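Chemist: experimental structure and sequence below.
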Amino acid sequence: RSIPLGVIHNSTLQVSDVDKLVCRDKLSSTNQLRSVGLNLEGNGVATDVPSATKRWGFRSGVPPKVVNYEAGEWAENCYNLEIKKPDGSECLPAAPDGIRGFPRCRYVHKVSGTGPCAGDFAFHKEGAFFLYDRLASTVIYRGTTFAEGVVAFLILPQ
Amino acid sequence: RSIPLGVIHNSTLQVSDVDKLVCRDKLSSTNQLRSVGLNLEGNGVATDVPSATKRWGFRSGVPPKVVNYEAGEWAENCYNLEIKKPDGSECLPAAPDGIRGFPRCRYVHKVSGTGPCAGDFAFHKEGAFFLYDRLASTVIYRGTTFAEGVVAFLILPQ
Amino acid sequence: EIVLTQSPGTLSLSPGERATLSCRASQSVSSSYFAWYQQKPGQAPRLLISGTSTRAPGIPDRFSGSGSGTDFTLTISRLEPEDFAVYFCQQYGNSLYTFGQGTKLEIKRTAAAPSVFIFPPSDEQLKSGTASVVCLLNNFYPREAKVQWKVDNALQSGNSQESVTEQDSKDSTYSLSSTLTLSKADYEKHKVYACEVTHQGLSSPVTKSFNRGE
Amino acid sequence: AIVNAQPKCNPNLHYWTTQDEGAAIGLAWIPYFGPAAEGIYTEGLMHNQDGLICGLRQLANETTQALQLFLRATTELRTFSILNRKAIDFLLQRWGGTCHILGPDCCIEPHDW
Amino acid sequence: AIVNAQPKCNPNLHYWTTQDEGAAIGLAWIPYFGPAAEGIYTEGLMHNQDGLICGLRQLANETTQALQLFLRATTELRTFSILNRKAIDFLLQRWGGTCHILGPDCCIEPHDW
Amino acid sequence: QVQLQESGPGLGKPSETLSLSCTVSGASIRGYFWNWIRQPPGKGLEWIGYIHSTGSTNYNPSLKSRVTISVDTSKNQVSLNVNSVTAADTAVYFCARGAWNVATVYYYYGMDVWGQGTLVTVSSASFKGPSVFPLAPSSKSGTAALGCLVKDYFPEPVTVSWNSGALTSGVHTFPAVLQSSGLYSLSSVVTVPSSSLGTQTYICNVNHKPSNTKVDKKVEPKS
Ligand SMILES: *[C@@H]1O[C@H](CO)[C@@H](O[C@@H]2O[C@H](CO)[C@@H](O[C@@H]3O[C@H](CO)[C@@H](O)[C@H](O)[C@@H]3O)[C@H](O)[C@H]2NC(C)=O)[C@H](O)[C@H]1NC(C)=O
Ligand SMILES: *[C@@H]1O[C@H](CO)[C@@H](O[C@@H]2O[C@H](CO)[C@@H](O[C@@H]3O[C@H](CO)[C@@H](O)[C@H](O)[C@@H]3O)[C@H](O)[C@H]2NC(C)=O)[C@H](O)[C@H]1NC(C)=O
């Protein structure tokens, strides 16, 4: 479809219509365009380790994709996984350069263990993103503190 | 703050004001926007090896960042470092692909030696950039001829 | 403007029964983050239920919360003697909290007679210039009791001050202390100081006495 | 316009961001003397209006399907172009074709007289 | 407007750049037959005006603090977007909002009659 | 194991500024909201205001003028100041942690952790230390009862303990009673087995913070 763009005017949020032209919406500079990463715990999702694990799975045939966000939410619950296959070989890829853990986490749940790895990459079964430092990825990277959330695109007040 | 943009009209350079709108400034195509890398020797900085070395140091906790520039200045003095720790392990990272030495250097000062490496990356203590082939980095890469300089952004005459 | 009105004001019923506490909102809640609190005597309130229906950790399954937007209700099913407290409803909305009047909940029980004890004024207190006699009624239910002071069969009206504890959270009993305060001079006049107690669990009044010199 | 349909919503937003002011206390812009990776962020709080924040959470939920399909289509690993693309689309909507001064698709207003 | 405050200044600029004309002598645009890495550059000289060149050196010095903070904020390794972003900002200043023909923030001039 | 602890002067002079301090232990103030609740003796709870660790504050509409809440992250404390103090502001003052969720537990902005509460009495009068007198009957020996008497003190409260917390069973310490003199007076009692009456000595542990007194009085066995 089309990536929705949200307009904020006098503390009122409206979704921009791709067909309707609103001349009142003003964009004086690119600094008014912000991408926000809102964490799933804000939506009240279950944050315990056994319940969050059920939201992630392995699948081959889908290459990983990453987007940037400029602002994130302080997360009370973040996760850091070190899952390995029974034979000992690592099950998650080490994070490439530039990808760092979520900047602000209070409780970091160190998830470890050994299980069968059915695929090449760990994806979010509900469609959300694994939010890292200013980068939103579709894939869980080994040993890096992430916080599952989603991304919005806003045009901010002047 | 804001990255200053310089306007050149009839051999007159003025800095564009982010608040003041000057309708006379014309941008007909992106080819009029140029990024220039001016070397520090143009500012009369000391170019001898012992004096230039004092301008660089090692620090952990700051990830390297790179910007592109489209035009550079022919440099009389460039540097190429191969510093190693006492135990023998390399002290500077090998340059990633796409990063090549400064295109035009007359004298290339092959700097070598063994010293303690207090950090993960070599930065410029005065804030300048290490100018490579069309790429300006904040970090010294091993074995690649660089030329310390700074970057300006210009909107050129038509 | 946002006022939470709680009903009933007071309530008393037996162990095992179900207590239903209600709390209406003046204006419709714009953010249904309702909560219920239990406050034991002298303690800060404890969180029973947050977010209209989610029980706080460590709160028994008896406490259940529900709501409909304007009226929210807390039901304490299968009441136990430990549930004696005062219960407040709370509403967080538009960056402000509001509370309720509170519902004081008494747990009934079969009647228990008071255990009467009388206490002569101590030695050092008499040396200070004032004497006080204390009658203690320990672990009784119901709460209503008549403690009548009579000195040499002369009733004393105007010098007795009573005070009753809060309900005991295990046996559901009250305790009372009647204090008769007199100057060191008027206390010297008479010699027999007694305390008579009437209660629902006493088939006949109980009078415990102490003579001046003992 | 948005309306929240999520089960719950946290009406207060405690945010972090680097895209904010740098007073540039002398020599702190220099990376060698600059803050470490953990201290490059600023903070803030938007508890002012509960409704706007709950609307943001739904928008971030609703943009997910279109954003995920966008990433399926592109081939590069990391996509920063999205915000710069939205600005180009913004200008192309208003100033893309011929602009009729009093027309409905032209944001030009004649002077006040 | 700029004014040079550096200790010295080299008033002549001997530059190199690839962003220039390619006469495209037949089959030299093909990389297999094209010039090697060292010969993809053109040269030039700007000794005409001493003042403009000294102004450029100060501008390159003054843009450094803002450019360094920009790089601290972004997370990608290499940033090419800066020049394309400046062009978008240029258009958004003049044609971002409603444009009042005779207004101060609108670069529209009515015809000559 | 997060604990809150309010601190405040037991008596505040009227028409003055009143300051209370909440001290968080076992958890970082950063990232949570922190409330101030007050409760006039024998009445409902009133919310004074709240404050985020960053600093943004919103207060009760009816009290926003006479109140100002402040936080100090270097000391891990949240402070409350009430100006133009009258007799209505006499109450016990609580600080509470109203958070959206902590760790995996959701509290949906319900206040999970509270302080112990600090009582603040607003009066022109001054402090007055208490006097203790034992409660012992004419000799007898079944089940016996004994206690202490705390007479003439101001202001509320006074904390009485038995054998330094060792004796908790059957200890009823009666609420304060405001005598005609204007000073408060209460009494503690305890039912003790008459058999082991003379085996263990029984001592009171009274404590009046506003006047800084912590005296101990024993009770005669009379086996
Ligand atoms: C964006 O928000 C929607 C709406 O909250 C999310 O969709 C929802 O996913 C949950 C979790 O699976 C569904 O919950 C379940 O609902 C069934 C009843 O259908 C119930 O029996 C289960 O116990 C469970 O509560 C929910 O129904 C579903 N809602 C809709 C409208 O589809 C969605 O996942 C969010 N997307 C992202 C990327 O955050
Ligand atoms: C941009 O240009 C400014 C101005 O030239 C550069 O700053 C300057 O740095 C030099 C080198 O440290 C300073 O020089 C020293 O000055 C002291 C007196 O303060 C003198 O005793 C020393 O012997 C030495 O000459 C100079 O004062 C300082 N100027 C200012 C205005 O701060 C700056 O480094 C340049 N930045 C880049 C990225 O090229």
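Modeler: Everything's here; your move. Numbering: from 1, shown residues only, chains lettered A, B, ... in the order given. Ligands and ions are numbered 1, 2, ... in the order given.
Chemist: alpha carbons only for contacts and neighbour counts from here, please
Modeler: Noted.
Chemist: partner residues bridging residue 34?
Modeler: This is for chain A. residue A:154 (DSSP bridges).
Chemist: I was thinking of chain C, sorry if that wasn't clear
Modeler: On the basis of DSSP bridges, residue C:34 is bridged to residue C:91.
Chemist: quick one: contacts for it?
Modeler: Residues counted as contacts of residue C:34 (Cα atoms under 8 Å, 6 or more residues apart in numbering or on different chains) are C:50, C:51, C:52, C:72, C:89, C:90, C:91, C:92, F:110.
Chemist: if we go to 10 Å?
Modeler: C:49-53, C:65-67, C:69, C:72-73, C:89-93, C:97-98, F:108-110 (Cα atoms under 10 Å, 6 or more residues apart in numbering or on different chains).
Chemist: show me what residue C:11 is bridged to.
Modeler: Residue C:11 forms beta bridges with residue C:105, as assigned by DSSP bridges.
Chemist: count of neighbours near it?
Modeler: If you count neighbours by other Cα atoms under 10 Å in any protein chain shown, residue C:11 ends up with 15.
Chemist: and residue F:134, by the same measure?
Modeler: Residues within reach of residue F:134, counting by other Cα under 10 Å, total 26.
Chemist: roughly how far apart are it and residue C:159?
Modeler: 20 Å (Cα to Cα, to the nearest Å).
Chemist: for residue E:11, see how far away the residue of chain D found nearest ligand 2 is.
Modeler: Proximity of chain D to ligand 2 (Cα to the nearest ligand atom) peaks at residue D:30, 8.6 Å away. Using Cα to Cα, residue D:30 is found at 27 Å from residue E:11.
Chemist: the more surrounded of those two?
Modeler: Neighbours were counted for residue D:30 and for residue E:11 using other Cα under 10 Å; residue D:30 has more, 22 against 18.
Chemist: surely that one touches residue E:65?
Modeler: Yes: Residue D:30 is within contact range of residue E:65, at 7.5 Å (criterion: Cα atoms under 10 Å).
Chemist: regarding residue F:34, what is its secondary structure?
Modeler: Put simply, residue F:34 is strand when judged by DSSP: H, G, I helix; E, B strand; the rest coil.
Chemist: so it makes contact with residue F:100?
Modeler: No: assessed by Cα under 10 Å, residue F:34 is found out of contact with residue F:100, at 11.6 Å.
Chemist: which neighbours do the two have in common?
Modeler: Residues touching both residue F:34 and residue F:100 (Cα under 10 Å, 6+ apart): residue F:111.
Chemist: who in chain D is up against chain F?
Modeler: Contacts of chain D with chain F, taken as Cα under 10 Å from any Cα of the partner chain, map to D:8, D:9, D:10, D:11, D:12, D:14, D:43, D:44, D:45, D:46, D:47, D:48.
Chemist: which of the residues you listed are buried?
Modeler: Neighbour counting with 16 or more other Cα atoms under 10 Å in any protein chain shown marks D:8, D:9, D:10, D:11, D:12, D:14, D:43, D:45, D:47, D:48 as buried within those.
Chemist: closest to chain B among those?
Modeler: residue D:43 (17.7 Å; Cα to the nearest Cα).
Chemist: quick check: bridge partners of the closest one?
Modeler: With DSSP bridges as the criterion, residue D:43 is bridged to residue D:16.
Chemist: quick one, what contacts it?
Modeler: A:71, A:72, A:73, A:74, A:104, D:14, D:15, D:16, D:17, D:18, D:20, F:54.
Chemist: if any of those residues are buried, give me the PyMOL selection for them.
Modeler: Buried residues within these, by 16+ other Cα under 10 Å, are selected in PyMOL with:
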select buried, (chain A and resi 71+72+73+74+104) or (chain D and resi 14+15+16+17+18) or (chain F and resi 54)
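Chemist: need the contacts of residue D:43 in TSV (columns: secondary structure and distance to residue D:98).
Modeler: Shown next, in TSV, are the contacts of residue D:43 (DSSP: H, G, I helix; E, B strand; the rest coil; distance: Cα to Cα, whole Å):
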residue	secondary structure	distance to residue D:98
A:71	strand	37
A:72	strand	40
A:73	strand	43
A:74	coil	46
A:104	coil	48
D:14	strand	45
D:15	strand	42
D:16	strand	42
D:17	strand	40
D:18	coil	39
D:20	coil	37
F:54	coil	50
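Chemist: in a markdown table: the contacts of residue D:43, plus distance to residue D:71.
Modeler: Compiled in a markdown table, the contacts of residue D:43 are given as follows (distance: Cα to Cα, whole Å):
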| residue | distance to residue D:71 |
| --- | --- |
| A:71 | 20 |
| A:72 | 20 |
| A:73 | 23 |
| A:74 | 25 |
| A:104 | 26 |
| D:14 | 28 |
| D:15 | 25 |
| D:16 | 25 |
| D:17 | 24 |
| D:18 | 24 |
| D:20 | 27 |
| F:54 | 36 |
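Chemist: residues of chain D that sit close to chain B?
Modeler: Within chain D, the positions lying close to chain B (Cα under 10 Å from any Cα) are D:20-24, D:27-40.
Chemist: buried ones only from those residues, please, as a PyMOL command.
Modeler: Here is the PyMOL command that selects only those of the residues of chain D next to chain B that count as buried (16+ other Cα under 10 Å):
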select buried, chain D and resi 28+29+30+31+32+33+34+35+40
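Chemist: how does chain C divide into domains?
Modeler: As assigned by curated CATH domains, chain C contains the domains C:4-107, C:115-211.
Chemist: which parts of chain A are helices?
Modeler: A:49-53 (DSSP state H).
Chemist: same thing with chain D?
Modeler: Using DSSP H, the helices of chain D run over residues D:50-73, D:81-95.
Chemist: dump those helices to CSV, plus distance to chain E and mean neighbour count.
Modeler: Below are the helices of chain D laid out as CSV (distance: least, Cα to the nearest Cα, whole Å; neighbours: other Cα atoms under 10 Å in any protein chain shown):
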stretch, distance to chain E, mean neighbour count
helix D:50-73, 17, 20
helix D:81-95, 7, 16
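Chemist: now these in a markdown table, with distance to chain C?
Modeler: Formatted as a markdown table, the helices of chain D follow (distance: least, Cα to the nearest Cα, whole Å):
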| stretch | distance to chain C |
| --- | --- |
| helix D:50-73 | 6 |
| helix D:81-95 | 32 |
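Chemist: out of those helices, flag the one nearest residue F:214.
Modeler: With Cα to Cα as the criterion, residue F:214 lies closest to helix D:50-73 of the helices of chain D, at 50.0 Å.
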